[PDB]
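Dumping the structure here so I can ask a few things about it.
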Amino acid sequence: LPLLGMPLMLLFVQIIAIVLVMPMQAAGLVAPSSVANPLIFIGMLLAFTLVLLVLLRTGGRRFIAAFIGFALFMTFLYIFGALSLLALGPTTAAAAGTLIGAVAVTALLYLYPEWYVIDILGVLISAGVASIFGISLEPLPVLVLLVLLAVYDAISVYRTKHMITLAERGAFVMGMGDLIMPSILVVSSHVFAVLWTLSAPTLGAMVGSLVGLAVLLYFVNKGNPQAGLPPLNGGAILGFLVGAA
Amino acid sequence: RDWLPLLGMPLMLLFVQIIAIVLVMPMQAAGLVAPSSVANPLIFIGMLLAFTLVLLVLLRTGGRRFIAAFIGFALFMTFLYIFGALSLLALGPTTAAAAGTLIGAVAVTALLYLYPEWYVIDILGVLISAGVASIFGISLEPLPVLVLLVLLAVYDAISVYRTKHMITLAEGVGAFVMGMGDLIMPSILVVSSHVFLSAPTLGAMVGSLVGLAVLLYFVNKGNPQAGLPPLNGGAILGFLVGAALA
Amino acid sequence: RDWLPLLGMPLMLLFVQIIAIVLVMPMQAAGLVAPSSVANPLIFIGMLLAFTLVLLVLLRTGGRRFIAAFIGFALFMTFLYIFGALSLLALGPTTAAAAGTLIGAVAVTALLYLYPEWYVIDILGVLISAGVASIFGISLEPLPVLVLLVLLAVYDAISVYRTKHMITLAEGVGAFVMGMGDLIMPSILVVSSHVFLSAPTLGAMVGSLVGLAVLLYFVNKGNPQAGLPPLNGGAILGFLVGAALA
Amino acid sequence: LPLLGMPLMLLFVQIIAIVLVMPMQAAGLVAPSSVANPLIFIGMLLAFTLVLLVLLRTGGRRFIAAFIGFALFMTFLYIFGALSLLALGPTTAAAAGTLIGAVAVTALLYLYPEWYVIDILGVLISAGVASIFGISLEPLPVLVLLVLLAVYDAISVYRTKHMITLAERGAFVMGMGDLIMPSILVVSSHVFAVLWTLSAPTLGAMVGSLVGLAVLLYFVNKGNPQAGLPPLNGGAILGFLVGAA
């Protein structure tokens, strides 16, 4: 049954990312087109992580536990807050309305969950990040970013596999990350000029990603071999280009 | 009866609040502070996280008395601001006032480092705590402070419930900083209310004492509880009671 | 005779210099650089120290392939600048040129990470090295570069003499980075001279080759020596010889 | 014989600090009077050190060895360079003249010395730092700074002594530091209005410091007890106030 579950997880993240697209540009503002944007993005990720880890190596018993709780709280503030209070909206008790909401959620997220809860929250966050970057510019810096990241993945995969043929948390993090990646082409192609059953080529990307994840879960059950991202990234790319022509 | 024992902490509460008010006065005679935005609590919290990160990287990189040095200096400075504020409202801009506070803070900090009388420690803890309380209380207004309080309280209860459950799991299924610090927390709401003999914000002070009562009650019972929600929740209770008055 | 063996390194020298010139050209068609101040070598050195500190804190915080990732990315980017500069002078501002270089750099970096042919490694090392050489050589003028060179050489000889003496004491009384890097150093002086078929700065190139000759001579002898002072001192020798010409 | 040696070391550092005072304000510029200046100074030292150590804990085999070699080279650049080339002066081959000089010295300093050499170089550096801060403002922020630092020292000394009564490089660094401290009152009181045998009260401070060091070396040979700085700092202070009245 979860065999549909994780594709469900994708579909939902994409959907909520689109639903968030409208209220998100009521401010938004992260990063023109510019293909240098993916590079700035990558470097931002590497330095962010490098810092976060040096925070672990300098922490992180109650520190980075809390630190993460806080970052989580902020991003959840933006999710509930900016995206729902402006969608009401806007101001006053609604803003307050969402604070209570986000404090509730992070409190809920912290302590111990129950199966569906973590998945749900992850879906929310994921849709958030997806929406943000997808909005933060167009389907071509995004195309290059995707193919870059994916190619990195496949290479590190083959490499660390070939590095074998001799002789917990980060999983959920990385999971969310792949959940996020194609959604960026879906939002960022919704920010593009057709509009059948609400934006035809973004649909194309979306289905292409759903089949991508299908193929991935298949090879995943075939045994070991799966170059992580290049299925969903590149396949969502194929679906997008298929839905644009 | 059970008076003299363990009343010293509600004593310390009242005292810190009082000295926080009395410090509300002189601290504006040279500004300080740091916009009644609800983002202010967030900036507060994050900056606090930076404060701890600094303190920890400082400790792990110690520093046998380098750590003692770094904190001794931090102390010296915060006492400079305390005393400074005192004389600068007192004798005002005069050289003998300022020099008075420098000599004062040198005296006090030196005393604390020279193995004092350690009833003294509680007293100084009260001074410092009242100081911080005054600063942030003078800084921006209730509703942000209210948010800050409720937030922090929630964090606390999460933390306690977590490590306690981690006790109930692991079978088969420096403290003064935290002390005087939580002594500070609701008092900051006590200040940021008289800043917006006293008002109807006595209410917050008594409610905070009653929170502390519930706290030292449960603490003097077997099988402990969370901390903040009695003190904050009770100070908030009293404060909101001090609204239904006027 | 002893031709084909260990000529590949002077080969690599000449090649890197050549490709550094050929890169001198296109890199100004979009600027880059970074004032013929003698403080520039100092800024260079300090920034280099920051570069290493970053690389090390990155390694010790590794990062099994995170480190591989971080450097893979750095590589990818520097290759983007290389290729970029190429097509952007070639086909110019066109989309097919830029996309050409992105695809190019993806191809190259992917190749290098996929366990290539590792004669390939030397070739790419030559590309990169020529790149850096070109950048700083295009950046500011000789006398600062001269200072930089002599400085670095002095540091080197101190370091070698130190650890060698530490060998002679302790009884009873990734290398490619450093390699191609020192391959780079005098070449930067070769660029920053044609930037101020070639000039009388051929002289610096040959003198650098003769330095390398002395180097691979002593290295192929028992009981090693310092490194930089032959390459830099010899490139400088040839360069100053290329002044007594014109 | 070194019984005079280390006082000699002091006298020399003070002298060269004064000799450097003139060419030093040909630019200079570190830190108005302002008694907040000592505090800024202290905090600067604590954060500087904290960083330097985190540089060790993140280094420091060839790194901080070199890093120090560099910092040393720069400060020696300023010493030879700014103080001698302007004292010639100024510009052209003189500036070059001192570069060769400083590269020589740090090169000389690195590798292995010979007794007198390290002392000499230390004296130079010390005079440099002394001159700089002494110039960088007046004898009253300096007075407070001195008495503060000294009182800290005596307290940490008593404390870590009382922490006993139960049951290499940094030495030279700290040595230089105490060599430095009173010289700051001598320079910074030379930047003050009398002028007998060239500034009478700064002489007063200088001798008061020489007797301070005398008393210190005496108690040092008495056995263990010496509250480090409060002899030379506070005693140079007494000498200054004696020479000013």
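How many residues, within segment D:31-56, are under 28 Å from C:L151 (Cβ atoms) and either surrounded by 14 or more Cβ atoms within 10 Å (Cβ to Cβ) or in contact with a helix residue (DSSP H, G or I) (Cβ under 6 Å, 6 or more places away or on another chain) (or both)?
Selection size over segment D:31-56: 6.
Among (1) surrounded by 13 or more Cβ atoms within 10 Å (Cβ to Cβ); (2) within 14 Å of chain A (Cβ to nearest Cβ); (3) not in a helix (DSSP H, G or I), where does C:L32 come up short?
So C:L32 meets the others, but not (2).
Working only within segment A:165-189, note down all residues that are more than 13 Å from the chain's Cα centre (by Cα), away from chain C (no Cβ under 12 Å) and either on the phi > 0 side of the Ramachandran plot or not hydroxyl-bearing (S, T, Y) (or both).
Hits for segment A:165-189 are A:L166, A:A167, A:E168, A:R169, A:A171.
From B:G72, B:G46, grab the single residue that is surrounded by 13 or more Cβ atoms within 10 Å (Cβ to Cβ), assigned to a helix (DSSP H, G or I) and within 14 Å of chain D (Cβ to nearest Cβ).
Answer to the selection: B:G72.
Is it true that some residue in segment C:55-63 is more than 8 Å from chain A (Cβ to nearest Cβ), in a helix (DSSP H, G or I) and in contact with a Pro (Cβ under 7 Å, 6 or more places away or on another chain)?
Within segment C:55-63, not a single residue is more than 8 Å from chain A (Cβ to nearest Cβ), in a helix (DSSP H, G or I) and in contact with a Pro (Cβ under 7 Å, 6 or more places away or on another chain).
Given the criteria under 30 Å from C:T168 (Cβ atoms), away from chain B (no Cβ under 14 Å) and of a type in the set (A, V, I, L, M, F, W, C), does D:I132 qualify?
no
Can you name the residue in segment B:156-195 that is over 30 Å from B:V22 (Cβ atoms) and crowded, with 16+ Cβ neighbours inside 10 Å and is also nearest to the other protein chains (Cβ to nearest Cβ) among such residues?
Of everything passing the filter in segment B:156-195, B:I158 is nearest to the other protein chains (Cβ to nearest Cβ).
Please work out which residue is nearest to the other protein chains (Cβ to nearest Cβ), limiting yourself to segment C:106-121 and to residues that are closer than 20 Å to C:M9 by Cα and among the aromatic types (F, W, Y).
Checked segment C:106-121; the qualifying residue nearest to the other protein chains (Cβ to nearest Cβ) is C:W118.
Could I ask something else about it? Any residue in segment A:43-70 that's over 28 Å from C:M77 (Cβ atoms): show its pairings with residues that are surrounded by 15 or more Cβ atoms within 10 Å (Cβ to Cβ) and among the acidic types (D, E) at Cβ separation under 9 Å, as long as the two are six or more apart or on different chains.
none
Is it true that A:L45 is within 14 Å of chain C (Cβ to nearest Cβ) and more than 20 Å from the chain's Cα centre (by Cα)?
When the stated conditions are applied, A:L45 does not pass them.
Assess whether C:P10 counts as being within 30 Å of A:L146 (Cβ to Cβ), outside any loop (DSSP other than H, G, I, E, B) and more than 13 Å from every other protein chain (Cβ to nearest Cβ).
Answer is no for this residue.
Still on this structure: Return only the number of the condition from (1) over 26 Å from D:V35 (Cβ atoms); (2) out of contact with any helix residue (DSSP H, G or I) (no Cβ under 8 Å at 6 or more places or on another chain) that D:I118 does not satisfy.
Result: D:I118 fails condition (2) only.
Given (1) away from chain A (no Cβ under 13 Å); (2) over 29 Å from D:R57 (Cβ atoms), where does C:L80 come up short, assuming only one miss?
Answer for C:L80: the failing condition is (1).
Could you grab me the full set of residues in segment D:76-105 that are more than 13 Å from chain C (Cβ to nearest Cβ) and outside any helix (DSSP H, G or I)?
Hits for segment D:76-105 are D:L86, D:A87, D:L88, D:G89, D:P90.
Got at least one residue in segment B:136-155 being of a type in the set (D, E), in a helix (DSSP H, G or I) and in contact with a helix residue (DSSP H, G or I) (Cβ under 9 Å, 6 or more places away or on another chain)?
No, segment B:136-155 contains no residue that is of a type in the set (D, E), in a helix (DSSP H, G or I) and in contact with a helix residue (DSSP H, G or I) (Cβ under 9 Å, 6 or more places away or on another chain).
Can you confirm whether segment B:88-105 contains a residue that is facing chain D (nearest Cβ under 8 Å) and either more than 26 Å from B:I123 (Cα to Cα) or in contact with a strand residue (DSSP E or B) (Cβ under 8 Å, 6 or more places away or on another chain) (or both)?
No, because not a single residue in segment B:88-105 is facing chain D (nearest Cβ under 8 Å) and either more than 26 Å from B:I123 (Cα to Cα) or in contact with a strand residue (DSSP E or B) (Cβ under 8 Å, 6 or more places away or on another chain) (or both).
Any read-out appearing in this document is the output of simple, stated calculations on the displayed coordinates, not a laboratory observation. Cβ: placed from backbone, ideal geometry, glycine included. Neighbour counts: every protein chain shown.
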